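As structure tokens, the structure follows; a few thoughts come after it.
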Amino acid sequence: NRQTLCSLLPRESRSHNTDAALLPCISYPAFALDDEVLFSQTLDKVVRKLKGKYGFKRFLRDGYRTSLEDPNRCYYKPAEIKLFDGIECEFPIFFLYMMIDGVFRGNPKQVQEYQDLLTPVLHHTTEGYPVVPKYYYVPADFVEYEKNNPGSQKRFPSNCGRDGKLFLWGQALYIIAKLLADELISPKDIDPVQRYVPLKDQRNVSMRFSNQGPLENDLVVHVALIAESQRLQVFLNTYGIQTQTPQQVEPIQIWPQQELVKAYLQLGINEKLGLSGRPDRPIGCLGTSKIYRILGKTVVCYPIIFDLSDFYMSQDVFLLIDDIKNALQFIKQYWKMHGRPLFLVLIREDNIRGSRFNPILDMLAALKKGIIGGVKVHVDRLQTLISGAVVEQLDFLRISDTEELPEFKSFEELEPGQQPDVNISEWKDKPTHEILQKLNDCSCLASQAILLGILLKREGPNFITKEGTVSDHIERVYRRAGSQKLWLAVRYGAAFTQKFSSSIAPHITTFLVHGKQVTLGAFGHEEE
Amino acid sequence: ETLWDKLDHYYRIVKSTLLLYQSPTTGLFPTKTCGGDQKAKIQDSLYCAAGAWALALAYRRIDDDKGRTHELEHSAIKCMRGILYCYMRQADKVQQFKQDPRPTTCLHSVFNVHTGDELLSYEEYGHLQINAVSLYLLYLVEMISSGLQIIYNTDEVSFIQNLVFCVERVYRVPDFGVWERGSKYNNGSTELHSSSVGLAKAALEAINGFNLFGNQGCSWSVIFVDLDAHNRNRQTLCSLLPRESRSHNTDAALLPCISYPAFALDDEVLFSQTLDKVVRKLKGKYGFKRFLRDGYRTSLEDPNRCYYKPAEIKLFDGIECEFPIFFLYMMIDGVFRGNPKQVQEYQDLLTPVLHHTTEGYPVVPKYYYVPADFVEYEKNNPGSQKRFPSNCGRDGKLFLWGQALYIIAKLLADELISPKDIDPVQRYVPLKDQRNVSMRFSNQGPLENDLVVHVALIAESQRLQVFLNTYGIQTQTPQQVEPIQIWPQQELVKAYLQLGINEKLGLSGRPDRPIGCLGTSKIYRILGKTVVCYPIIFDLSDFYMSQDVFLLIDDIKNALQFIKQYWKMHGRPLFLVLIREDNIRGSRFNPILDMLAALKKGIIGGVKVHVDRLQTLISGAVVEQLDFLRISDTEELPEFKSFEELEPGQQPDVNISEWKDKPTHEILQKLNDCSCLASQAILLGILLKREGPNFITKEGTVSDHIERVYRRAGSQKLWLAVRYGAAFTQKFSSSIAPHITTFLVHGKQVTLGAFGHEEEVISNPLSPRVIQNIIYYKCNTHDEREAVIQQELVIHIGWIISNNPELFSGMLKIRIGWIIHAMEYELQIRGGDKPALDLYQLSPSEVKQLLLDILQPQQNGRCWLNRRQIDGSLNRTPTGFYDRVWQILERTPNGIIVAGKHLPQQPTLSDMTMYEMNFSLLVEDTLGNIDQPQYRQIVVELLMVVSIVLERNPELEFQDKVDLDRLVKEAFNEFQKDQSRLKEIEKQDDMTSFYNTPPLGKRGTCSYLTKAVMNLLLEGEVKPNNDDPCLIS
Amino acid sequence: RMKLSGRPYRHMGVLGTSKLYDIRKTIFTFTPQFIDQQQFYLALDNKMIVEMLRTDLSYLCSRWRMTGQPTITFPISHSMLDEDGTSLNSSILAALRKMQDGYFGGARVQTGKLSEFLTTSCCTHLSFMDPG
Ligand SMILES: C/C=C(\C)CC/C=C(\C)CC/C=C(\C)CC/C(C)=C/CC/C(C)=C/CC/C(C)=C/C
Ligand SMILES: Nc1ncnc2c1ncn2[C@@H]1O[C@H](COP(=O)(O)OP(=O)(O)O)[C@@H](O)[C@H]1O
Ligand SMILES: Nc1ncnc2c1ncn2[C@@H]1O[C@H](COP(=O)(O)OP(=O)(O)O)[C@@H](O)[C@H]1O
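Residue numbers (the entry's author numbering), protein chains in the order written: chain F, 275 to 690, 709 to 820; chain B, 43 to 690, 709 to 1093; chain A, 491 to 622.
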């Protein structure tokens, strides 16, 4: 949500480059934006393009209760939106939000400028009580004159109060603004949770600002190198890295992220209201970076970067080292909680196998030096790192219906061709059992994936193979060339077995949250 | 520059010029950076630890601190767990100081930096500096709040509580102060310093309810302050607040109090009145003078003699050492109080006076002294000469307290630490935020005070609840509130006796004093039950004052008004009006029903109240959880008793004198023929003396028959007997001592003793048992009925000082014997020819209305003989009398002699300043021998006239000593002569006519006195003056 | 300030002079004791140095219980050459060739450039040597 608001921030939406609904957000009640430059970039566009004598236009090209709007038709038809340019209704409430923003942000002359603007537009009821008209519309007879010289004509109120019509939201905001302006209530009183953080105080506010402040970001993520086995800890120590096996941290339990997703599934479960619990999604790098107290035990979670996957990308160690750098950089840019983040670098014996050892040791060594990617880190023993740290106490688990506490499994010590010769096209025109013939004469795990992948289609999921169900032989060839680092096979295998990663969907949202749109599809072929 | 580089600059200065010096062992920092002195002062170490902590608060804004946050923070803990060690070794002294706070029972304030052992003894050094114990507690709260874990076990919490029990009673313990000397005179004298009481008010506001374990804390780690003792400190500070003490009208130690670290004052007008005097009278080019007439390391000071001798203090006027640190406090005050131009004005003043060490690190010289060769030139034109630093740093000498304040001020000014960061407990409350801060501000704000006290009318019996309901008041018996337990205050005093009890450190618990109206106004959770306490106003007592219902109704109004003025805690106060069946007996019913009815209406005395059922009133209220009781040693919880439903002569004929000359068994004879409970008290009270405590009486031991007659006439409302009985049985009230502290906290001094007899002066807070000797043995040896009436007036005056303080303005020494005299005279003037009523026969309440009537501003109407007798007897002085007497002494070379006393120009002009409270007491001592009270008013008027003549006419000055009696005699003799010419009155040396003459009028008293003064002044040289140089000369 | 004067001069054996040291951001490697001690006849004999090196390697293979892999820096001095100077001592060659073969001194030895050994060594950091 922070990433989406920021990507879209000077603006409101694809359609509106400014809306006056941004004023309720950027400032009372939410006080959401945490960038002073975007607040000024957003407010200045809202004031400049939306302010009026009688209020702030909700958005430019707005047809609400405009004289030119058709009352019967709910939906404006294409290009109608032009007819409402200069006729836009101006809502006096936005003057009241600007007065509340001024009291909060210490501008005693933005309260006056907008109080002065509201005293004229404010109607009064028969007993003298002020009525904030919801909108001020240009009367139909004067629409063309306003469109010609905008700001010239006189707009009639929408509710005068004596009419018996009152804008209850605006009536309430008059009380909030008038009390705040008259100092009969304090900014602190109406923002008990401190949504407005004055700049000088933008330092240690959770989920928003970090000790370093609003601008500086050199977080030191608290790395803990955890080794799958004692064998690997002793091997890693000989080569320079002190790591701790899952058992050496006995009270602390290292859990896959998925085991926290199982625990959270019990949060908000009400059977009286038919509610179920956290939706089963992945906890990510800003939630696996927290220490949790779940059912009386301290749980630290390995990041989702270390979660084993069918996709062939997992096999490249260089991608793991990069996902570790990429995760720590995300934790640096976007972790604004009180404690130092805790990244646990689970090392599996497969990660050091073969020449993956030299790349992994350099990552592990930089993690020991204190910098991997511009992200400063402090590798240390989990017990020392978890010691005075804030622990999220997950108390919703309780005992609930079952008189037993839920069963949570925790990571445990694992105690001990140049080109495919077989081209797809020339070998798929054949329907022959001969593809099953070359299958016995193909040492290429890429010719095998192409030959044993033509058959996942023409003969079927289980057409018998010499080896067994075809589905098993492609998964054997995919897995085999994944290890032998035979990447043409790993990709013919993944494709033929139609493999998709859990992360494709989570990443396609990075594109979307950032205002980008992804098209999948080849070049010269159907795009989507 | 990166933050790392910006703050590495301060880490180099902190590590070289402050943390190098921290004792490896104790943690305390040394006063002398270079040398063999082993002295670590307590205050300077606290300021040094605060300086390291301020750098840690800055390094917390950098995640890659490289260890500097842990080291700088843990250095602060080291210094603070080192002061605790020094104090914890001297916890034999913390127990002795709670019980007998005294200069020679105090925790030492200078310790061996290397070992933590006592270095200087009580004779060698004035260790009673409660600024230090109090700043230890403000800093422990401010550091534990920050995240710094200084208190480690329950025993350390019990010592911090016992340290609190000591810091609560500071108002009554006079001390040496931040400056270690006491007053400007180094006479070895302790005085109450606004600075020490102000830091104590602040430690107590901060530590009330602070888990000293911090975040890792429970209910058993909280410190509990007495809301009543804190109030007594607030009351003392505010009655000494533009000033610092009886000696100093301003001191720069007020700046550490009024603003960082304590931020104590809660009045913005007094803060400005206090700061402005400090800046105006103490600021300098090189720093702020600690106090005017200060001899610290002055060129003229004798190094060998510790104690300045009388009038030496003049030699130090203009030579005063100027401490650059005060510029740093003013810069910290500016950062806190949002003045970005007071930080600059005082930064600009400090950049020049700041020396630098060889490596470039700034050295704040402790003081800048005028060199000896230039002393006279500075005295002649102060601010002209150049003063040499005291420490240049290169010398190897650094002021570690000033080094630490540079780090705090420079970090705060550079915005590398925030005001919020170094005041985690919010000691500074910006005006706009002065609303809901406990013990300081209430929802209504800083100025508005219409508190609605939550009254709960509790009835002794169901019988009384049903009786009260028939007559209109719904009350609830103690049982009807079943879960809630109503306890006497004394049962909370028993419970609190278990707070801070450590047998390992020899600590005992809260001292056994009374909890008062701001502590019985709280709901308490003691041992799993909710306890609400009846006020101490409802506590039964031997003293006869309890019998007057009108005094109970007034004590109820007086208590609720105190609760309104001085309760600033979160909940609404809870006053429980216990009604006893004795209270409604007889015609006490009509007065009690009107109080109970007004309590039902919602207003009794201007204090709005909400009577309601206790269960509803106690429901969402904050309850103080008294978790210290636990089970402790005994496996049983303590046994606390709670209020339970009590289920069903015209004149004494026998005169003392004519019946005491007799030793006869005949006094025992009339005893059988006296129906007067006043003749019986006089007859059976002669015998408590001559025959003995148990001389057999027909009735039984005499001690039993006077206690029967006292109690009997107490009920029959026979007040002459109740007072002869109380006196003869020598009865003293628990409240005489608590009230005599109202006088003292308010800057007044009580004198007990009769008019015309031995007076005594209680100038300092005293024990009930010392106060009792003063009233029954030392002062009243002729009539003891006087001691009961004087005890009656101290109780009445004490609540009047607390709630209506200005009915006693112009009064600095409240002579209760003289005030009783004014009352006996008011009864005669009121009486007319008909004989005057005997003050002694009057009911306690009638004696309170007589007092309130005599204290009422004398208005146009009474004879000017009556106006004078009342004003003179009350010792009321026209406003500025004391300042005007200074002006008379300044322009009189040989002094004023009144009634055989003499205010000489020196040593007073040399040792004192115009508004010094010490002078007001010297003027009051000089006018002490004036026996006649109307003569005191004429002498007060001559002095007021001499001030107008001297001020209006600047040329005339007295040659010889002014004998105020001779100027008065010459004025009366002129009046005698002029009135004789009108009608030849034959009374001689009778000044009654003179006293009756109005002060100003055709031929009034003020003319005669002006004339006399002018004849004396004109008999001497008329100095040609330049303000209005003579035109004809 | 508290009159503490560093560490007494203690001879660093093979164990101490087998880690790499980070002194003022530049890596310092230290040759064993037996090489710089050329003040008695033992250093003149190249066979002795071979034997001292073998003893040091045998001690290292058994007593190294440290993170990292130990690194013995063995510089071949001019005294380690033969009489002519155009050839190296036979004993010293033989020892070096056995170390290249992986085994010498009861220990498995990996020979290679010192730059390669940074990533898998006990690169302890001497922060007390930084100025200031
Ligand atoms: C509450 C009390 C009061 C208001 C005081 C009432 C005032 C009274 C009774 C009179 C006070 C008179 C005073 C102070 C003085 C008078 C003057 C004018 C004295 C002049 C003395 C003198 C000889 C001056 C020299 C004149 C010069 C300089 C000639 C060149
Ligand atoms: N397999 C994954 N790879 C990378 N990031 C993931 C993965 N699964 C979840 N996340 C991240 O975890 C967070 C929450 O998970 P999820 O609810 O699945 O996110 P989204 O709804 O954006 O797909 C997001 O930041 C998401 O990008
Ligand atoms: N009899 C009493 N009447 C009123 N207040 C009392 C009485 N006894 C004690 N107090 C109050 O209880 C608190 C502490 O009691 P104590 O130690 O006697 O006070 P002090 O030393 O000021 O006389 C003070 O606020 C004091 O005024």
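Beta carbons are placed, not taken as given, at the ideal position from N, Cα and C, and that holds for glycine.
Cross-strand partners of residue i (DSSP beta bridge)
i, result
"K83 of chain B", "B:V152"
"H962 of chain B", "B:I957"
"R567 of chain F", "F:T572, F:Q667"
"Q559 of chain A", "A:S611"
"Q929 of chain B", "In DSSP, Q929 of chain B forms no bridge with anything."
"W529 of chain F", "F:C575"
"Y593 of chain A", "A:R598"
"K319 of chain F", "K319 of chain F pairs with nothing; no bridge assigned."
"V494 of chain F", "F:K650"
Cα-Cα separation between residue i and residue j, rounded to whole angstroms
i, j, result
"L656 of chain B", "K599 of chain B", "20 Å"
"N824 of chain B", "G807 of chain B", "10 Å"
"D1049 of chain B", "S905 of chain B", "39 Å"
"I860 of chain B", "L867 of chain B", "7 Å"
"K749 of chain F", "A295 of chain F", "54 Å"
"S460 of chain F", "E623 of chain B", "49 Å"
"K642 of chain B", "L602 of chain B", "14 Å"
"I355 of chain B", "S163 of chain B", "26 Å"
"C280 of chain B", "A98 of chain B", "35 Å"
Exposure label - residue i; buried when at least 16 CB within 10 Å
i, result
"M619 of chain A", "exposed"
"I449 of chain F", "exposed"
"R339 of chain B", "exposed"
"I645 of chain B", "exposed"
"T986 of chain B", "buried"
"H817 of chain F", "exposed"
"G425 of chain F", "exposed"
Proximity test, residue i beta-carbon vs ligand 1 heavy atom, cut-off 7 Å
i, result
"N1086 of chain B", "no"
"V1022 of chain B", "no"
Any non-hydrogen atom of ligand 2 closer than 7 Å to residue i Cβ
i, result
"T801 of chain F", "yes"
"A446 of chain B", "no"
"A786 of chain F", "no"
Distance cut-off 7 Å: residue i Cβ against heavy atoms of ligand 3
i, result
"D270 of chain B", "yes"
Inter-stretch contact (C-beta, 8 Å, three-pair minimum) for the segment 403-410 of chain B and the segment 473-491 of chain B: In the pairwise beta carbon analysis, the segment 403-410 of chain B is classified as not touching the segment 473-491 of chain B: fewer than three pairs are separated by under 8 Å.
At least three beta-carbon pairs within less than 8 Å, the segment 188-201 of chain B to the segment 315-326 of chain B: no
Segment contact, 8 Å Cβ cut-off, at least three pairs: the segment 369-380 of chain B with the segment 987-1000 of chain B: no
At least 3 beta-carbon pairs within less than 8 Å: the segment 1076-1085 of chain B vs the segment 939-958 of chain B: no
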